[PDB]
Structure formats: C-alpha cells, structure tokens
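Structure first, commentary second.
Read the figures in this text as sums done on the coordinates, not as results from a lab. Cβ placement follows ideal geometry from the backbone for every residue including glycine, while neighbour counts extend to all protein chains displayed.
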C-alpha cells in the first residue's frame, strides 16, 4: 500500500441524517480543514436530503485525515460513510503546485 497521490480532495459521503443542515456539515468537515465546495442535495418536494452529500477539500492531506476519521463516525444517530472518489472526467486540464 502507498500513502497516496495529490490531485483532488473530493470524497463521496453518504448516510446523512435528515436532521442535519447544510451548515451542520460545513462545520463537521471544516474542522479537518478548509472546504473547497459543498454539495447538499435536497428534494424539492419534501425539502429534505436523500442522506448523501459530496465534500470537496482544498488540500488532499486533509481529505485523507477526514477519510480516516470520518469514515466510521456517528452524527445525529447516523453512521457517516466516506469513500475515495476521483474526478472520472477530463475536466481538470492539469494540477500545478505553487509554493
């Protein structure tokens, strides 16, 4: 096994309690680090989520720390599940590194 390779801090999360709010999550993950973008889908009818969301971390280092801790945690009586997901599309031309 290998530590991993940099690229995108994207992670597939599921099992979200309908009692959670787009904000609640922001803080839950934010803790680990800065969030590049959050995706919290909500039914236009019931006005509630489907129990899944997508968190995009700015840096991979953090994304890993969270995927190691979050993956197997409990929140609002709902076991949060995190899995590694990579952009399966040619959207990212390249991934430069500054500093």
What would the Debye formula give as log10 I(q)/I(0) at q = 0.12, 0.21 Å⁻¹ for the alpha-carbon point model of the chain, no solvent? -0.41, -1.11
Give me 64, 82 sorted ascending by neighbouring Cβ count inside 10 Å, so fewest comes first. 64, 82
Principal-axis tilt of helix 60-69 within the chain, Cα atoms, nearest 10 degrees: 40 degrees
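By how many nm would the segment from residue 75 to residue 5 grow when fully extended, if each residue of separation counts as 0.36 nm and the alpha-carbon distance is taken off?
That pair, residue 75 and residue 5, stretches by 22.3 nm at full extension.
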What nm distance separates the two modelled labels at residue 18 and residue 58, each placed 7 Å from Cα along Cα→Cβ? 3.5 nm
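Show that you can apply the helix-only estimate: for the chain, add -39,500 (n - 2.57) for every DSSP H stretch of four or more residues, divide by all residues, and state [θ] at 222 nm to the nearest 500. Display every interim value, and only then the final one.
Details: 2 runs with 19 residues, N = 99.
Rounded to the nearest 500, the figure is -5500 deg cm²/dmol.
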